[PDB]
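Undergrad: fold the following and give me the result.
(9 chains, ligands or ions: 5)
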Amino acid sequence: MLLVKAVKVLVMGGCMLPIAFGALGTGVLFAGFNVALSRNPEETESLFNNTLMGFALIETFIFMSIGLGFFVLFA
Amino acid sequence: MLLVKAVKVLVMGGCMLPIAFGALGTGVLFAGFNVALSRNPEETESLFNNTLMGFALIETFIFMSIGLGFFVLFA
Amino acid sequence: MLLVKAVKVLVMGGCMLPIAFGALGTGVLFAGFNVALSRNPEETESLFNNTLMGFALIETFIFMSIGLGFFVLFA
Amino acid sequence: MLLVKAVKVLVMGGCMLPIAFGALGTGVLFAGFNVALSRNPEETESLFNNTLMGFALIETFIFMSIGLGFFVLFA
Amino acid sequence: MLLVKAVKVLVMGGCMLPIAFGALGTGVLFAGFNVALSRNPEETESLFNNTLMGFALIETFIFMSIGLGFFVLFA
Amino acid sequence: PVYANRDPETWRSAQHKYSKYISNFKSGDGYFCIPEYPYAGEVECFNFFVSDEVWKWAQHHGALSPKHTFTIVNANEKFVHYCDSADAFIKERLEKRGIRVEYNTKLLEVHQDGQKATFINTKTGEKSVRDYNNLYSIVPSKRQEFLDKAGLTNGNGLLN
Amino acid sequence: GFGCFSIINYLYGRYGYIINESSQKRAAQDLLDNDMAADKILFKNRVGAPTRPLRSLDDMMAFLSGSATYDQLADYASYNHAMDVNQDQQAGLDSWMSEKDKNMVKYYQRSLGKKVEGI
Amino acid sequence: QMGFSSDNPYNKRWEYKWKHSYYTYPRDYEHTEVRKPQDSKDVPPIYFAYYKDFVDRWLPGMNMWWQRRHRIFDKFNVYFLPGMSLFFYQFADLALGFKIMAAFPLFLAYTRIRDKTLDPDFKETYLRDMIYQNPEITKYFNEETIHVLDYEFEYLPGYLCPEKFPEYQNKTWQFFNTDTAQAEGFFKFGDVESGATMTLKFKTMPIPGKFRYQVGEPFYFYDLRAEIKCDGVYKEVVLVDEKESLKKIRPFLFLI
Amino acid sequence: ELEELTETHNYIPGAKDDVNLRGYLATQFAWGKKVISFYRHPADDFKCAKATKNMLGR
Ligand SMILES: CCCCCCCCCCCCCCCCCC(=O)OC[C@H](COP(=O)([O-])OCC[N+](C)(C)C)OC(=O)CCCCCCCCCCCCCCCCC
Ligand SMILES: CCCCCCCCCCCCCCCCCC(=O)OC[C@H](COP(=O)([O-])OCC[N+](C)(C)C)OC(=O)CCCCCCCCCCCCCCCCC
Ligand SMILES: CCCCCCCCCCCCCCCCCC(=O)OC[C@H](COP(=O)([O-])OCC[N+](C)(C)C)OC(=O)CCCCCCCCCCCCCCCCC
Ligand SMILES: Nc1ncnc2c1ncn2[C@@H]1O[C@H](COP(=O)(O)OP(=O)(O)OP(=O)(O)O)[C@@H](O)[C@H]1O
Ligand SMILES: [Mg+2]
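TA: Residues are numbered from 1 along each chain as shown, chains lettered A, B, ... in the order given. Ligands and ions are numbered 1, 2, ... in the order given. Have a look at this structure:
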C-alpha cells in the first residue's frame, strides 16, 4: 500500500530523465545546425525547417513520457 | 507479493530510459541530416527519406519497450 | 505521509538531472557556434541568433521539469 | 523465494537497457549514412544495404536480451 | 541461501550491460564503415571483411559475459 | 522462366529470380534437366520434392492450371550412381508422388524467343523440341584439357 | 484482434478457474502460512511493529514474504504521534506503556478504515 | 452494358466516371435541344435536391447491383458469411468482441458485392495504343478523326466450357465465385476522314503477372479482332488470336 | 461579377484575376510571400495519399 504509492511517485520522477537527454539532444541538434549553416548558408531555409522539425519529434517523446508518468501515478 | 508488485510498477518507470535515448538519437540523426544536407543539398530527397526511416526504427524500440512495460506490469 | 513526502522530495531532487544535461548541451551548442563562426564569419549575427534560440529550447525542458517537480511535490 | 522472484521481474526490466542503446546506436548509424550518402551518393544501394544489415545485427542483441529475460524469468 | 540466490539472479541480469554497449558499438563500427566506404568504395571488399571481423570480436565479449553469468549462477 | 542451379555474376543484390522458379509456375510444361555424369550437385540440388508439395497446393485453390506437365529429364540412367539405396528411394518416392521421368535424355538447346527446348535421347540419338514454361537444369560440367595433356585424368576426366 | 482479445478475456473471466483455481487456493493458504511464520520470528516492540527486519537473514526473508508486515510497519511510520514518541525515546525519554498505549497503531488503523481486532 | 445509368441522355459510358463539382444536381437533365421557358418548371418543388440524389445517385446504383446480382450468389456470400454473422450475434450481449466478429463478415460481403457489381473497366489507354501501332488500322483510323458509335462490355455469366478452360472446374474456387470474371464486348468505330467503320470485338480474362498471389491484369485481351469496313473495301485484322494466347497464359481464378 | 464570385463561393479575393495586383500590395512584407493560385476555390482539395514498402509513404 504505502510502499507501492511511494514507488508510483518515484517512477514519476524517472520521467525527468528524457527531459535531460532532450536538452542535450537539443543543444547537439542546434550545434550541428550552426556548423551545417556555416557550411552552406544559401540553403538556410531547408536546414532550418528540418532543424525545428526534428526538435518537435524530440519533445514529443518527452511529452509522451509525462503521459506514462501520470498514468502509473494514477493508474 | 506486495513487493513484487512494487517492482513491477518500478520496472515500468525504467521503460522511460529508451525514451531518453530515443530523444538523443533523434537530435543526433537530425544534426547529421543538417550537415549531410549542407554538404550536398542536391540529394535532399534520399537524405530526408533515410532520416525518417531511421527515426522509425529508433521509435520502434521505444514503443516495443512500452509494450514490455505493461506486459511485466500485468504479467 | 512523511514517507510519501520523503520520496516526493527525493523525486524533487531528480529535477536537477536535466539541469545537469542542460549545461553540457549548452557548452556543446556554443562550441559548434564558435567553430561554425570561424568557417563563415560573414554571417555572425545569423549563427548568434540561432545559438541563443537553442539555449531557450533547452530551458523549455528545464522549467518543464521544475514545474513537474513542484507539482508532484505537492500533488 | 519471493525475494528472488522480485529480482526475476527486476532483471526483466533491465532488458530495456539495450533497447535504449539500440535506439541511440540506430540514429548514429543512420546519421553517418546520411553524411556518407551526400559524400558519394553513387553507391546508395550499397551503403543502404550495409545500413540495414548492421541494424539487423543490433536487433539480434535486442531479441537475445529479451530471450535471456524470459529465460531467467521462468528458469 | 535465498539472498545469495537473488544476487546470483541479479548478476545474471547484469550481463545485459555489454549487450547494450555491444548494440551501440555495432552502429559505431558500421557507421565508420559506411562513411569510410563512400570515401574509398573501390576497396569495399577489404573494409567490409574488416567490419564483420570486428563485429565478431564484439560478440566474443558478449558470449564471454553470458558464459560468466551462467557460471556464477550455478557456481 | 529458364532457371539453373547457380546465380550468374551479373546479378546484384536486388535480383531474386532464383526464388521464383517454384512460385511463378502458374501453368505450362515444366522440365527438370539433369546433365551427364560427372556433374556437381547430385543430391544437394534436387528440388523436385519440395516443388511437388508447393505445386500440390496451387492445384488445390487454382493458382496452378490443371493442364500442366512436370517431368524429370535425366541424361543419366540413375540419379545417384554410387549409392543404390538412395537412388532406389528417390525413384520409389517419385512414383508414389506421381512424377514422370525420362532417362537417357539431356537438354541440348534453349530458344529464349519462342520458349523451345531441344532435347536429345543419347540412347537413341533422336532429338525433339518441346514447349516449356518453367525450366530448371543443373549446370553441366566439362573436363579441362590441361589435366589430360599431363596424363592425369582417367576416362570421364576425373583425377586417377 | 479486438474481437478475439475481447472474447478470450471474457472466457478467462467466465471460465478460467478450471486451470488456475488451484494456484489461487495454494497462494491463499501460503500467504497465511508465511504470515503465521513471520509472527514467530520477528522483533515486535512494545507496539506491534516489525522495527528490526534486518536483525538476521531469516528475518529479512520472513518480513518480505509476509503480507501484513508491510502494513504494520508502514502504519507505524505514517502515524505522526508514534514517531514523535520514538524521536523522544532516542533522546532519552521513555517509560512504561499501558494496554491502551500499546494499541495506539490499531486505533490509527481503525480511523483510516482498516479492520483491526484486539483493542 | 452500362449498369449506372440515369435519365441523362448524353455520355452514357462516362456517367459513373465523371465526378461533377456540383453542390446539388441541375434542375433539369441535359437538354437535347433548345426549349422554352414554360417547358421547364421554375422554382422546383420542395425537397427536390433530396429527390434528385435518390433518382440520380441511389437508384442507378441499386440498378447496378440488381443487374449484376448473378455474380454474388456464391456459397461464400450466401451461407458462410451470414452464418458466421449469426453465430456471434447470439453472444453480442456478452462482450464487444462478438459484435465485431458478427459485423465483419457483413462489411466483407458488401466489399465483394461492391467490387463485383461495378462495370468492368479495362485499361482503354492500353487498347488504343495497341491498335494505333497496327498499320492496317492506322491506314483508315486516327485518334484526331475517330469517333465511337457504340460500346458494350459485360461479364460472361456462369462457368465456361470445361474443355477450353478446365481451370474453373475447381470446387474450392466455385465455393467463392459463381461467375468466371471474364468479359466480352465490341467497339463500333468510325473515321470522319476516310469514312471507314470497324467493329472491334475482344475477349478478356484476368491473368497473373510477375508475382505469386496478386493479379497482373484483370482484363487481358486474349482475343482482339477487327472487321474493318471502308468505302468498298472489307478487311479483317487479328491483333490478338486466342488459339496462340491461351497456350502461354491462363486465367487467374480470383478468390475473395 | 461580384455576385458570381459569391454564388459560386469563390470568396478568396483575387482568385479569378489573372494579375491580383491587390494581392501583391498586401504581401509586400509578408512571411512566405505568395498570392493565391489562379481560379483557386476554397472547397477544392487535391490531396493524395499512397502506401509504400516504407512508412509515411516514402
Ligand atoms: C432490417 C431493418 C433495416 C435497417 C435499416 C437499413 C437502412 C438501409 C437503407 C438506408 C441506407 C442506404 C445506404 C446509404 C449509403 C449509400 C449512399 C448511396 O446511396 O450511394 C449510392 C451509390 C452511388 O455511387 P457513388 O455515391 O459512389 O457516386 C457514383 C459516381 N458519381 C458520383 C459520379 C455519380 O451507389 C451504391 O452505393 C450502391 C447502391 C447502394 C445500396 C444501398 C442499400 C439500398 C437498400 C435498398 C433496400 C431495398 C429493399 C428494402 C426497401 C424497399 C423499398 C420499398
Ligand atoms: C442493430 C444495428 C445493426 C446495424 C448493422 C451495422 C451497420 C453499421 C452501424 C450503423 C451505422 C449506420 C450509419 C453509417 C452509414 C454508413 C457510413 C459509411 O461510411 O458508409 C459508406 C460506405 C462506403 O463504402 P465504399 O467501400 O463503397 O467506399 C468508401 C471507400 N473508403 C472507405 C475508402 C472511403 O458504404 C456502406 O454503407 C458500407 C457499409 C454498409 C453496411 C451494410 C451491412 C450489411 C452488408 C451487406 C449484406 C450482404 C449480405 C450478403 C448476402 C448474399 C449476397 C446476395
Ligand atoms: C484577428 C482576429 C482573427 C484572427 C484569426 C487568425 C488570423 C491568422 C492570420 C494568418 C496566419 C497565417 C500563418 C501562416 C504562416 C505561414 C508562414 C510561411 O509561409 O512560412 C514561410 C517560412 C519563412 O519564409 P518567408 O519568406 O515566408 O518569411 C521569411 C521570414 N523572415 C523575413 C523572417 C526571414 O518558411 C517556411 O516555409 C516554413 C513553414 C513553416 C510553417 C509553420 C506554420 C504552420 C501553421 C499553419 C497551419 C495552421 C492550420 C490551422 C488549421 C486549423 C483547422 C482547425
Ligand atoms: N499513375 C497514377 N498515379 C496516381 N493516381 C493514379 C494513377 N493511375 C490511376 N490513378 C487513379 O486510379 C483511378 C483508376 O485508374 P484507371 O486506369 O482504372 O482509370 P480509367 O479511366 O479506366 O483508364 P482507361 O481509360 O485507360 O481505362 C484513376 O481514376 C486515378 O485517380
Ligand atoms: Mg478503364
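
Undergrad: all helices of the chain, in order?
TA: Answering for chain A, as no chain was given. A:2-14, A:16-39, A:44-74 (DSSP state H).

Undergrad: wait, chain G was what I had in mind.
TA: Along chain G, the segments classed as helices by DSSP H run G:2-14, G:17-40, G:57-64, G:69-77, G:80-91, G:104-112.

Undergrad: quick one, which of those is packed in tightest?
TA: helix G:69-77 (a mean of 20; mean count of other C-beta atoms under 10 Å in any protein chain shown). For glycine as for every other residue, the C-beta is placed from the backbone atoms N, C-alpha and C.

Undergrad: same for that helix, what does it pack against?
TA: helix A:2-14, helix C:2-14, strand G:50-52, helix G:104-112 (3 or more C-beta pairs under 8 Å, 6 or more residues apart in numbering or on different chains; DSSP states H and E).

Undergrad: need the helices of chain A in CSV (columns: mean neighbour count and distance to ligand 2).
TA: As requested, the helices of chain A are exported to CSV (neighbours: other C-beta atoms under 10 Å in any protein chain shown; distance: least, C-beta to the nearest ligand atom, whole Å):
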stretch, mean neighbour count, distance to ligand 2
helix A:2-14, 20, 41
helix A:16-39, 28, 38
helix A:44-74, 18, 29
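
Undergrad: who wins for proximity to residue H:106 among those?
TA: helix A:44-74 (36.4 Å; C-beta to C-beta).

Undergrad: what is the orientation angle of that closest one with helix B:16-39?
TA: 180 degrees (axes from the mean of the first three to the mean of the last three C-alpha atoms, to 10 degrees).

Undergrad: can you tell me which residues contact the residue of chain F found nearest chain H?
TA: Going by C-beta to the nearest C-beta, chain H is nearest to residue F:62 of chain F, at 3.7 Å. Taking C-beta atoms under 8 Å, 6 or more residues apart in numbering or on different chains, we find residue F:62 in contact with H:167, H:170, H:172, H:173, H:253, H:255.

Undergrad: select, out of the helices and strands packed on helix G:69-77, the one closest to chain D.
TA: Closest approach to chain D among those (C-beta to the nearest C-beta): helix A:2-14, 11.2 Å.

Undergrad: ok, the closest one near chain C or not?
TA: Yes. Against chain C, helix A:2-14 shows contacts by C-beta under 8 Å from any C-beta of the partner chain at A:2, A:5, A:6, A:9, A:10, A:12, A:13, A:14.

Undergrad: the helices of chain G into CSV, with extra columns for distance to residue H:14?
TA: As requested, the helices of chain G are exported to CSV (distance: least, C-beta to C-beta, whole Å):
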stretch, distance to residue H:14
helix G:2-14, 42
helix G:17-40, 64
helix G:57-64, 79
helix G:69-77, 78
helix G:80-91, 85
helix G:104-112, 78
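
Undergrad: tell me which of the residues of helix A:2-14 next to chain C is nearest to chain E?
TA: residue A:14 (17.5 Å).

Undergrad: what sits against the closest one?
TA: A:69, B:13, B:14, B:16, C:14 are the contacts of residue A:14 under C-beta under 8 Å, 6+ apart.

Undergrad: closest one of the residues you listed to residue F:86?
TA: The shortest approach to residue F:86 among these belongs to residue B:14, at 57.1 Å (C-beta to C-beta).

Undergrad: for chain H, list the residue farthest from the centre, please.
TA: Distance from the C-alpha centroid of chain H peaks at residue H:94, with 43.1 Å (C-alpha atoms, centre = their mean).

Undergrad: that residue contacts residue G:13, correct?
TA: No. Counting by C-beta atoms under 8 Å, residue H:94 does not reach residue G:13; the two are 10.1 Å apart.

Undergrad: nearest residue to residue F:101 other than its sequence neighbours?
TA: residue F:72 (4.6 Å; C-beta to C-beta, 6 or more residues apart in numbering or on different chains).

Undergrad: element containing the one you found?
TA: Following DSSP states H and E, one finds residue F:72 within strand F:68-74.

Undergrad: leaving out chain neighbours, which residue sits closest to the closest residue to chain C within chain G?
TA: Proximity to chain C, evaluated over chain G using C-beta to the nearest C-beta, is greatest for residue G:78 at 5.0 Å. Nearest non-adjacent residue to residue G:78, counting by C-beta to C-beta, 6+ apart: residue C:1, 5.0 Å away.

Undergrad: I'd say that neighbour and residue G:80 touch.
TA: Yes. Here residue C:1 lies in contact with residue G:80, judged by C-beta under 8 Å, at a distance of 6.8 Å.

Undergrad: point me to the residue of chain G nearest ligand 4.
TA: residue G:1 (30.3 Å; C-beta to the nearest ligand atom).

Undergrad: tell me the spacing between that residue and residue H:173.
TA: The gap separating residue G:1 from residue H:173 is 29 Å, by C-beta to C-beta, to the nearest Å.

Undergrad: which one's more surrounded, those two?
TA: A count of neighbours by other C-beta atoms under 10 Å in any protein chain shown puts residue H:173 above the other of residue G:1 and residue H:173, at 19 against 7.

Undergrad: now for that one: which residues touch it?
TA: F:61, F:62, H:167, H:253, H:255.

Undergrad: ok, the residues of helix A:2-14 next to chain C vs chain G, which is closest?
TA: residue A:2 (3.8 Å).

Undergrad: neighbours around residue H:102, how many?
TA: 19.

Undergrad: and the residue farthest from the centre of chain H, what does it touch?
TA: residue G:10.

Undergrad: tell me the spacing between the residue of chain G closest to ligand 4 and ligand 5.
TA: For residue G:1, the distance to ligand 5 equals 36 Å [C-beta to the ion, to the nearest Å].

Undergrad: ditto for residue G:101
TA: 94 Å.

Undergrad: for residue H:167, same thing?
TA: For residue H:167, the distance to ligand 5 equals 25 Å [C-beta to the ion].

Undergrad: likewise residue H:225?
TA: Separation of residue H:225 from ligand 5 (C-beta to the ion) stands at 20 Å.

Undergrad: what are the bridge partners for that residue, then?
TA: Note on residue H:225: beta-bridge partners by DSSP bridges are residue H:201, residue H:238.

Undergrad: distance of residue F:36 relative to residue H:188?
TA: Residue F:36 is 61 Å from residue H:188, by C-beta to C-beta.

Undergrad: quickly list what the residue most central in space within chain F is bridged to.
TA: Central residue of chain F (C-alpha atoms, centre = their mean): residue F:33, 2.4 Å from the mean position. Beta-bridge partners for residue F:33, by DSSP bridges, are residue F:73, residue F:137.

Undergrad: show me what residue H:190 is bridged to.
TA: residue H:147, residue H:197.

Undergrad: farthest pair within the contacts of residue H:173?
TA: Going by C-beta to C-beta, the pair spanning the contacts of residue H:173 furthest: H:167 and H:255, at 12.5 Å.

Undergrad: SS state for residue H:179?
TA: coil (DSSP: H, G, I helix; E, B strand; the rest coil).

Undergrad: same question but for residue H:63, I mixed them up
TA: From three-state DSSP, the assignment for residue H:63 is helix.

Undergrad: residues touching the closest residue to chain B within chain F, list them.
TA: For chain F and chain B, the shortest gap (C-beta to the nearest C-beta) falls at residue F:14, measuring 16.1 Å. By C-beta under 8 Å, 6+ apart, residue F:14 lies in contact with residue D:45.
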